[PDB]
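A.B. asks:
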Amino acid sequence: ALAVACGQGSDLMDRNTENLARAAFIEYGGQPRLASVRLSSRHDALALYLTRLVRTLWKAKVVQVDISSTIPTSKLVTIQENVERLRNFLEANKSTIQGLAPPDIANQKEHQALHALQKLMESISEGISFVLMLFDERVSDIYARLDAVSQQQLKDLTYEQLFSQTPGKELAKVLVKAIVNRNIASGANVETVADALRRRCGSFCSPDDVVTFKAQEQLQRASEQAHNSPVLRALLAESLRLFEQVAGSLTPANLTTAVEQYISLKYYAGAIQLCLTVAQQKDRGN
Amino acid sequence: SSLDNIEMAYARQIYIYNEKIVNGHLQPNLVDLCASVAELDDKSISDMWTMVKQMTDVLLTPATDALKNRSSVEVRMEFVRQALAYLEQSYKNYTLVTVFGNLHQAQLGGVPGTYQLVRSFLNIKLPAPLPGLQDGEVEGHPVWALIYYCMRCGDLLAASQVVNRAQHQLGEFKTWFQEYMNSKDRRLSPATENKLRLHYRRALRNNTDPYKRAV
């Protein structure tokens with residue numbers, strides 16, 4: 001019923017059938033009970049459907065090392081669409097489906113269980129979007145300019161780990177921090193790759209990182225335009241504005257790369273002002 | 287001495303220009319004699335003389351009255367072209383320093399073609415796609431943005447290349463544009479000029495693609 005309600009079988013009246021399927025999912029889904037709890041058949045059905053949508057992904061490695069993707073991109077798209085249509089179905093019926101809205105111990109764990117599944121769904125969609133973003137770039141190029149531990153972590157990274165384990169999230173945060181670096185070398189567009197990472201895979205990307213990426217953009221593009229005289233004083237001055245904003249949140253690894261570049265461009269006095277500013281914003285109370 | 291560094295350098299240049307006329311020599315280019323000092327100052331002044339030279343570098347009628355040259359429609363027309371050529375080239379330098387941090391930096395790697403420069407200019411000034419654009423894209427950028435900033439830089443050829451790769455999408459605009467690039471003085475024939483204006487005025491007076499409106 002859940003599947004039909006989400007449009008499955010419709011690749012073959014159809015609104016009424018899907019509305020009937022919705023009615024069957026609500027009316028006959030059961031309820032949670034004390035036996036440790038026994039969750040409703042409605043919950044197990046949602047878990048069963050979701051699992052079967054990602055069964056080809058879960059235990060599979062993300063990549064195959066000339067690195068490529070284990071799962072074809074076209075398959076990742078359809079899986080994501082199916083997960084999203086399931087999410088859309090739960091949102092449009094948050095008020096009528098038991099357990100979605102907040103509610104005694106039985107209905108409590110029913111709400112917690114259903115909530116956890118929905119958080120996994122959005123994490124699945126974010127994870128898939130991240131993999132698609134990754135292979136839109138030149139991963140082999142990114143994979144080359146990488147440390148061994150992170151190459152090994154990426155070698156045996158599964159979709160399960162990407163979706164549900166901190167190391168996948170931490171590694172994802174490293175890869176995004178690396179792809180933008182490379183994107184700046186190609187230099188097609190920084191602010192487009194920004195809004196790409198900002199929204200779709202939000203909750204895994206950080207807005208303090210994109211402003212940093214915007215700063216490293218002008219820095220590298222100030223090294224690109226380095227031969228020009230009057231164009232840099234606008235690039236380096238605007239890079240400095242971007243750095244000082246995220247001063248209370250710059251990593252020592254980035255702050256160094258910034259100062260290293262400033263010295264190449266004889267921007268001595270400016271680089272000193274950034275480090276002084278980063279200091280005060282890490283310890284405002286002095 | 288009551289003369290500042292800049293003023294003094296100009297005086298020396300005006301002494302030369304006088305020494306030349308006092309000894310009957312060739313009348314040298316005064317505008318060049320003044321820009322020689324400008325380079326010793328910030329580019330605020332150099333870019334001025336660049337405009338002065340290009341605005342005065344018009345074919346004149348030697349030994350003709352001043353008022354006559356400036357009233358003649360002949361000369362008044364070339365002024366507009368010399369200015370447009372300055373605004374286009376001036377903007378083209380803005381597009382370089384926007385992509386590369388320094389003019390020198392752009393030169394060492396080589397000034398790219400006006401088309402690839404403009405494309406590498408759209409990447410920055412519009413990173414995300416505006417939802418109101420029309421007529422699709424061309425190699426990853428809206429077709430009308432490319433046409434505008436190419437015309438703005440003054441490379442009509444680069445703009446026409448963009449049109450050639452979107453023949454199906456742009457409709458009848460191809461035969462109209464190809465006439466604009468051919469006809470001199472940046473003007474179309476009254477008949478064809480009438481055909482496009484009425485079309486734009488008909489249902490495109492307010493279009494969601496500003497670049498389309500501009501072109």
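Sequence order for the protein chains is X and P. Using this note's numbering, read the first sequence as starting at 1 and increasing by one per residue. Using this note's numbering, read the second sequence as starting at 287 and increasing by one per residue. Positions of the beta carbon are idealized from the N, C-alpha and C atoms, including for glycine.
What does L312(P) reach in chain X if we use C-beta pairs closer than 7 Å?
C.D. replies: Position 26 of the second sequence, counted from the first residue, corresponds to residue 312(P). Under the 7 Å cutoff, chain X gives no residues; its nearest Cβ is about 34 Å from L312(P).
A.B. asks: Assign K94(X) to one of three DSSP states: helix, strand, or coil.
C.D. replies: What you label residue 94(X) is simply residue 94 of the first sequence in a count that begins at 1. In the structure shown, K94(X) sits in coil (DSSP, three-state: anything other than H, G, I, E or B).
A.B. asks: Keeping to the same chain, check which residues put their C-beta closer than 6 Å to that of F459(P); ignore five residues upstream and five downstream.
C.D. replies: Against the second sequence, residue 459(P) aligns to sequence position 173. Taken in chain order, the list of residues that qualify is empty.
A.B. asks: Bridge partners of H485(P), per DSSP?
C.D. replies: The residue you call residue 485(P) lines up with position 199 of the second sequence. Partner(s): none; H485(P) has no beta bridge.
A.B. asks: Hey, is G399(P)'s beta-carbon within less than 8 Å of any beta-carbon in chain X?
C.D. replies: Along the second sequence, one-based indexing puts residue 399(P) at 113. Taking Cβ atoms only, chain X never reaches closer than 8 Å to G399(P), which makes this a no.
A.B. asks: Using a Cβ-Cβ distance under 8 Å, would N189(X) count as near chain P?
C.D. replies: Taking the first sequence and counting its residues from 1, the one referred to as residue 189(X) is at position 189. Answer yes: the Cβ-Cβ gap between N189(X) and chain P drops below 8 Å somewhere.
A.B. asks: Measure the beta-carbon distance from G127(X) to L162(X) and round it to whole angstroms, keeping in mind my assumption that it falls under 8 Å.
C.D. replies: Numbered from 1 along the first sequence, position 127 holds the residue referred to as residue 127(X). Numbered from 1 along the first sequence, position 162 holds the residue referred to as residue 162(X). Confirmed, about 5 Å.
A.B. asks: What are the start and end residues of the alpha helix (DSSP H) that includes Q151(X)?
C.D. replies: By one-based count along the first sequence, residue 151(X) stands at place 151. Taken as a continuous stretch (DSSP letters only), the alpha helix (DSSP H) holding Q151(X) covers 148-155.
A.B. asks: Against chain X, which members of the stretch 403-432 of chain P pass a CB distance test of less than 9 Å?
C.D. replies: Result list: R405, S406, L408, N409, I410, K411, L412, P413, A414, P415, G426.
A.B. asks: Secondary structure at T494(P), three-state DSSP: helix, strand or coil?
C.D. replies: Taking the first residue of the second sequence as 1, we reach residue 494(P) at position 208. It is coil, neither helix nor strand.
A.B. asks: For residue 245(P), would you say it is in contact with chain X, using Cβ-to-Cβ distances shorter than 8 Å as the test?
C.D. replies: Only positions 287 to 501 of chain P appear in the structure, and residue 245(P) is not among them; the question remains open.
A.B. asks: Rounded to the nearest angstrom, what separates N468(P) and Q391(P) at their Cα positions?
C.D. replies: What you label residue 468(P) is simply residue 182 of the second sequence in a count that begins at 1. What you label residue 391(P) is simply residue 105 of the second sequence in a count that begins at 1. When rounded, the distance between both Cα atoms is 35 Å.
A.B. asks: So, with DSSP's three-state summary, where would you put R145(X)?
C.D. replies: Residue 145(X) sits at position 145 when you count from the first residue of the first sequence. In this structure, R145(X) counts as coil in the three-state DSSP scheme.
A.B. asks: Which two residues bound the contiguous alpha helix (DSSP H) that contains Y28(X)?
C.D. replies: The residue given as residue 28(X) occupies position 28 in the first sequence. From DSSP, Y28(X) is part of no alpha helix (DSSP H); its letter is neither H nor E.
A.B. asks: What residue range does the alpha helix (DSSP H) around residue 511(P) cover?
C.D. replies: This structure leaves residue 511(P) out entirely; chain P is present only between 287 and 501.
A.B. asks: Since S206(X) is in the alpha helix (DSSP H), which residue starts that stretch and which ends it?
C.D. replies: Reading the first sequence from its first residue, position 206 is the one you call residue 206(X). Careful: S206(X) lies outside any alpha helix (DSSP H) and carries neither H nor E.
A.B. asks: Return the CA-CA distance between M13(X) and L86(X), expressed in angstroms with no decimal places.
C.D. replies: Looking up residue 13(X) in the first sequence gives position 13. Looking up residue 86(X) in the first sequence gives position 86. Roughly 21 Å separates the two Cα atoms.
A.B. asks: Any idea what DSSP makes of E423(P), helix, strand or coil?
C.D. replies: Here the question's residue 423(P) lines up with position 137 in the second sequence. DSSP places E423(P) in strand when its eight states are reduced to three.
A.B. asks: Taking the DSSP output, what are the residues bridged to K177(X)?
C.D. replies: Locating residue 177(X) in the first sequence gives position 177, where the first residue counts as 1. None, per the DSSP bridge assignment.
A.B. asks: Kindly list the residues whose CB is nearer than 7 Å to the CB of residue 291(X), restricted to its own chain and excluding five residues on each side of it in sequence; keep chain order.
C.D. replies: This structure leaves residue 291(X) out entirely; chain X is present only between 1 and 286.
A.B. asks: I'd like the span of the alpha helix (DSSP H) that includes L134(X), first residue to last.
C.D. replies: Against the first sequence, residue 134(X) aligns to sequence position 134. Run containing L134(X): 105-136, per the alpha helix (DSSP H) assignment.
A.B. asks: Going along the stretch 311-333 of chain P in order, which residues come within less than 7 Å of chain X, judged by CB to CB distance?
C.D. replies: Cβ contacts with chain X: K329.
A.B. asks: Using a Cβ cut-off of 8 Å, pull out every chain X residue sitting near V448(P), in sequence order please.
C.D. replies: Numbered from its first residue, the second sequence carries residue 448(P) at position 162. Within 8 Å Cβ-Cβ: nothing; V448(P) doesn't reach chain X, min ~17 Å.
A.B. asks: Taking only beta-carbon positions, decide if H227(X) is within less than 8 Å of chain P.
C.D. replies: As a working mapping, residue 227(X) is identified with position 227 in the first sequence. Yes, because at least one Cβ of chain P sits closer than 8 Å to the Cβ of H227(X).
A.B. asks: Spell out a yes or no on whether the stretch 391-405 of chain P and the stretch 440-451 of chain P are touching, meaning 3 or more CB-CB pairs, one atom from each, closer than 8 Å.
C.D. replies: The answer is yes - the stretch 440-451 of chain P touches the stretch 391-405 of chain P, with three or more Cβ pairs under 8 Å.
A.B. asks: Looking at the strands, I want to know which residues DSSP matches up with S40(X).
C.D. replies: Against the first sequence, residue 40(X) aligns to sequence position 40. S40(X) pairs with nothing; no bridge assigned.
A.B. asks: Against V231(X), what residues of chain P qualify as contacts under a CB-to-CB distance less than 7 Å, listed in chain order?
C.D. replies: To locate residue 231(X), count along the first sequence from 1; it is residue 231. Within 7 Å Cβ-Cβ: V383, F386, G387, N388, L389.
A.B. asks: Indicate whether at least one CB of chain B lies closer than 8 Å to the CB of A269(X).
C.D. replies: Within the model displayed, chain B is absent; protein chains X and P are what it includes.
A.B. asks: Could you check the C-alpha separation between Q368(P) and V359(P) for me, to the nearest Å?
C.D. replies: Your numbering for residue 368(P) matches position 82 in the second sequence. Your numbering for residue 359(P) matches position 73 in the second sequence. The alpha-carbon atoms of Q368(P) and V359(P) are separated by roughly 15 Å.
A.B. asks: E374(P) and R405(P) - do their beta-carbons sit closer together than 8 Å?
C.D. replies: The sequence position of residue 405(P) within the second sequence is 119, counting from 1. The sequence position of residue 374(P) within the second sequence is 88, counting from 1. Going by C-beta atoms, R405(P) is not nearer than 8 Å to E374(P).
A.B. asks: In its own chain, which residues sit with a C-beta less than 7 Å from the C-beta of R33(X), not counting the 5 before and 5 after it?
C.D. replies: Looking up residue 33(X) in the first sequence gives position 33. Closer than 7 Å at Cβ, skipping near neighbours: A106.
A.B. asks: What are the boundary residues of the alpha helix (DSSP H) that includes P252(X)?
C.D. replies: Within the first sequence, residue 252(X) is the residue found at index 252, counting from 1. Run containing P252(X): 252-264, per the alpha helix (DSSP H) assignment.
A.B. asks: Verify whether the separation of the beta carbon atoms of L132(X) and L46(X) is less than 8 Å.
C.D. replies: Along the first sequence, read from residue 1 onward, the residue named residue 132(X) stands at position 132. Along the first sequence, read from residue 1 onward, the residue named residue 46(X) stands at position 46. Against a cut-off of 8 Å, the Cβ pair of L46(X) and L132(X) comes out as no contact.
A.B. asks: Judging by CA-CA distance, which residue of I142(X), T212(X), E160(X), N19(X) is the nearest neighbour of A258(X)?
C.D. replies: Taking the first residue of the first sequence as 1, we reach residue 258(X) at position 258. With distances taken between Cα atoms, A258(X) lies closest to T212(X).
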